[PDB]
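In what follows, a structure is listed as structure tokens, so that the remarks can point back to it.
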Amino acid sequence: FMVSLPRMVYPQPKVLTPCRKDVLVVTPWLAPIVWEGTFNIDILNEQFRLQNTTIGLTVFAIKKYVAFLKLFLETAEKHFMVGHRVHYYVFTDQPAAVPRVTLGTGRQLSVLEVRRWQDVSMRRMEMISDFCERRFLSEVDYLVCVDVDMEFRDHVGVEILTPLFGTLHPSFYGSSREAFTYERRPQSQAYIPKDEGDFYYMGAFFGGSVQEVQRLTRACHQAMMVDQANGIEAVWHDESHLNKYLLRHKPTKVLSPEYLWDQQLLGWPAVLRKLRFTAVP
Ligand SMILES: O=c1ccn([C@@H]2O[C@H](COP(=O)(O)OP(=O)(O)O)[C@@H](O)[C@H]2O)c(=O)[nH]1
Ligand SMILES: [Mn+2]
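Taking the entry's author numbering, I'd label the letters of the sequence shown as residues 62 to 176, 180 to 345.
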């Protein structure tokens, strides 16, 4: 049950003026595409706080990648879901190398020990699904799954929360589908033909409700097992599988490249009013 919002004073939305005229802000299946200017964060914060929303954030830090945790976590403290309950899940082979980062109230961190970089990247699907299945259901409302070699530079908040979301890969948001680096071999479960595809989503940032995230990760894990048995490895590993899944199961929001940017590689185009979550060289 959802109680009433309180009285709020904010600018009237005007029907005959778009928030953004330079970009697509809704998909053909009526999922919002989240850009700066499309949302009033005060309204969204109220809606989600009134539900006492808890957001889980998963991150893998294996071998040398433990080096990225300090900046990742400190910047998440400044920019990720501030004001809401947050549970970080750090999956690592070196629990003792996890930095002691100071957390704000209502925020906690669990270190989960786990066991080729391609396999490290791909295997995230198995651990998120069939090993941590029960824990997440009991502890959080939404799961957000991200790469660790990143930093937050601006607000990433409840505007992203929805049953299932993907993020536009920063190298492909302006590309034709034939240029998308989908798996193109019919022998792979990740196969997408040249005449299919909505977007190219990045493997580095997806999420949704616990239920939908566990469905996605279970499906990708199973698909990857089939490929392994058939002696084939998708061109972009779990990102390829993620793309196949989100083609056949449309996300309920799509995040713009504000949410996964690489300034060194791609600069700062006019279309991006904010760079929120960015690659660390
Ligand atoms: O040795 C490794 C290789 C990969 N990863 C994890 O897998 C993610 C994806 O790999 P990577 O960031 O190297 O992919 P890229 O961003 O270069 O495409 C990383 O963010 C880590 O979370 C890791 O922890 N240790
Ligand atoms: Mn990465």
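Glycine included, every Cβ here is placed at the ideal spot set by N, Cα and C.
- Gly-221 and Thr-114 have their C-alpha atoms roughly 12 angstroms apart.
- Distance from the CA of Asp-154 to the CA of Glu-223, rounded to the nearest whole angstrom, comes to 32 angstroms.
- Apart from the 5 residues on each side of it in sequence, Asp-218 sits with its Cβ closer than 7 angstroms to the Cβ of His-140, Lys-338, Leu-339 and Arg-340 in its chain, given in chain order.
- Annotation: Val-87 is outside any beta strand (DSSP E) and is labelled neither H nor E by DSSP.
- The beta-bridge partner set that DSSP reports for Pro-93 consists of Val-87.
- A Cβ closer than 6 angstroms to some heavy atom of ligand 2 marks a residue here, and those residues are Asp-211, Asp-213 and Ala-268.
- Here the region 249-265 makes contact with the region 292-312; the two share three or more CB pairs at distances below 8 angstroms.
- Here the region 119-137 lies against the region 145-162, with 3 or more beta-carbon pairs under 8 angstroms apart.
- Under DSSP, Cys-209 shares a beta bridge with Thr-119 and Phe-270.
- Taking the Cβ atoms as the reference, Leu-201 lies roughly 20 angstroms from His-313, outside the contact range of under 8 angstroms.
- Counting along the chain, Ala-343 sits inside no alpha helix (DSSP H); it lies in the beta strand (DSSP E) bounded by residues 341-343.
- By DSSP's assignment, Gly-331 forms no beta bridge with any residue.
- With the rule of 3 Cβ pairs closer than 8 angstroms, the region 194-209 does not count as touching the region 323-332.
- Our two residues, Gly-267 and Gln-286, have alpha carbons roughly 17 angstroms apart in a direct line.
- The region 243-250 makes contact with the region 302-310; the number of CB pairs closer than 8 angstroms reaches 3 or more.
- The Cβ neighbour count for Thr-316, taken over all protein chains shown within 10 Å, is at least 16; the residue is labelled buried.
- Under the DSSP assignment, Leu-130 falls outside any beta strand (DSSP E), being part of the alpha helix (DSSP H) whose first and last residues are 130-140.
- For the pair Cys-284 and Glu-303, the Cα-to-Cα distance works out to about 9 angstroms.
- Within 10 angstroms of the beta-carbon of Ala-243 lie fewer than 16 other beta-carbons, which makes it exposed.
- Sorting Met-289, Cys-80 and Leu-85 by C-alpha distance to the C-alpha of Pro-321 places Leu-85 at the top.
- The criterion of a C-beta distance shorter than 9 angstroms is satisfied by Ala-158 and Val-127.
- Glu-197 is positioned such that its CB atom lies no closer than 9 angstroms to that of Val-162.
- Between the C-alpha atoms of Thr-166 and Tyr-71 there is a straight-line separation of about 28 angstroms.
- Residues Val-222 and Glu-223 of the same chain have their beta carbon placed closer than 6 angstroms to that of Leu-105, with the five preceding and five following residues left out of the count.
- In the structure shown, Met-186 adopts helical secondary structure according to DSSP, grouped into three states.
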